[PDB]
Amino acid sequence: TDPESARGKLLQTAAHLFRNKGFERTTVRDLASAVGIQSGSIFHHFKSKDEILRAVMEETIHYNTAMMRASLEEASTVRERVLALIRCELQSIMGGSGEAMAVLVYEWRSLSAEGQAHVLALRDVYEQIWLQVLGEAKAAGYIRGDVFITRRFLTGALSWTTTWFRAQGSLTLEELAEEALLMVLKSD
């Protein structure tokens, strides 16, 4: 969405308030004061506060995915396409994608069933990009195992990096992504 539209100002500013204070502690008053409007005008753009949270999360995933596809477009070989997705995912895991991603992770349980189903639809599209690229890898002979299960293991291996990557000290994210590629591909 458009950052200068009042919708965009509201979404982008809500992302910070939610990240800083929590969704539950962020009042409708808080958001209106931050955007320089009155409480009651918030609800000209979203049907509910729950819907603002849904849109913050949708925006983050739309952005991560757009970034992924753009990186893929610049990659012409199997090894570079797999590496592009690994790097994008790691960058998202390590606080790239910013406040609105941190909101997705910690405020997940604040979102309505209906909001959640919308955000999960976007996650489905994100996963299909992974499955396309890993399916290409499998077809070219770079992946030994089942494509869907390979993605499930890689999901866990990359996510877990939050528990240890900072403790390492001298390993960069690019080196981490390269090591992930060495694990998942038979050759690169």
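Sequential numbering from 1, following the sequence displayed.
For the two regions 137-145 and 124-132, the entry's Cα B-factors average higher over 137-145. Set 65-73 against 42-50 and average the Cα temperature factors; 42-50 ends up higher. Comparing C-alpha B-factors across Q168, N20, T13, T172 in the deposited entry, the largest value falls on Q168. In the PDB entry, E178 places in the middle third of its chain by CA B-factor. When the modelled residues of the chain are ordered by their C-alpha B factor, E107 lands in the middle third. In the deposited entry, the Cα temperature factor of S159 sits in the bottom third of values across the chain's modelled residues. Ranked by Cα temperature factor within the chain, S33 sits in the highest third according to the deposited record. Among all modelled residues in this chain, the alpha-carbon of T150 has a temperature factor (C-alpha) in the lowest third.
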